[PDB]
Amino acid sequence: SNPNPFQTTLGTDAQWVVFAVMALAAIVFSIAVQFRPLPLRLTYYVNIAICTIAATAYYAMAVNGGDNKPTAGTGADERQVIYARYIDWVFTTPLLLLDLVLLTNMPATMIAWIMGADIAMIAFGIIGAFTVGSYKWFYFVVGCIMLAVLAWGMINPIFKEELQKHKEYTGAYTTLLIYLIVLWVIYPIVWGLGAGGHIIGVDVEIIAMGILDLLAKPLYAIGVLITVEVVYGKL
């Protein structure tokens, strides 16, 4: 029970690796956008911001994680709480959604509640992360419902023509969004096993979310950027 409940040099090394990749992606996108026509540049800037924020967060986690503070719980159930990741997510997950929202004609009211659910989800996550005992699962479950809500909203332009910008390319939107949803559903599983249940150790949770973050940010960004380039080229 509660195995390996503090970050070690294993977790720290993993964070430095993810830091390096996020920083490199931000730099590469920042140089690339200089060569691209103006209508494409917003999408590059969104992804430059995502990767820059993530690099900053991983720098913070790698430099400070060895302090083995703060913690939640006492005695044998005490476990380190890494909370920088939530500060990352409250800014980057709306930007990740924005990547796809930019490919739609969703009205402002709809974008608003999708983004609102997203921010709520992260908020319930960090509150749950610091909550000792069974009430943590109320936060968890409501956060999971918020993921379902934001996903439902993002799904609607797929089959609602009035929400579509360029219908002939619904396929690219659909594919990117399914990729995003698959990855995002893994995050609460990791949280449930780690921050929530104390079933997996802190280094393991670090590595798992490191892998997810690489897939969900710079690899996802490359997919989005390729999509908007190809679509713009065909218009």
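Numbering starts at 1 and runs along the sequence shown.
> With reference to the PDB entry, specify whether the mean Cα temperature factor is higher for 22-30 or for 64-72.
Between 64-72 and 22-30, it is 64-72 that shows the higher mean C-alpha B-factor.
> Quick one: say whether 140-148 or 104-112 has the higher mean Cα B-factor in the deposited entry.
The recorded data point to 104-112.
> Is the Cα B-factor recorded for residue 199 in the lowest, middle or highest third of its chain?
Top third by C-alpha B-factor.
> Can you tell me whether residue 192 has a C-alpha B-factor in the lowest, middle or highest third compared with the other modelled residues of the same chain?
For residue 192, whose C-alpha B-factor we compare with every modelled residue in the chain, the answer is the middle third.
> Select lowest, middle or highest to describe the third in which the CA B-factor of residue 135 falls within its chain in this entry.
Ranked within chain, residue 135 CA B lands in the highest tercile.
> Please place residue 118 in the lowest, middle or highest third of its chain according to the CA B-factor in the PDB entry.
Residue 118: CA B-factor falls in the lowest third of its chain.
> Residue 80's Cα B-factor: lowest, middle or highest third of the chain?
Ranked within chain, residue 80 CA B lands in the middle tercile.
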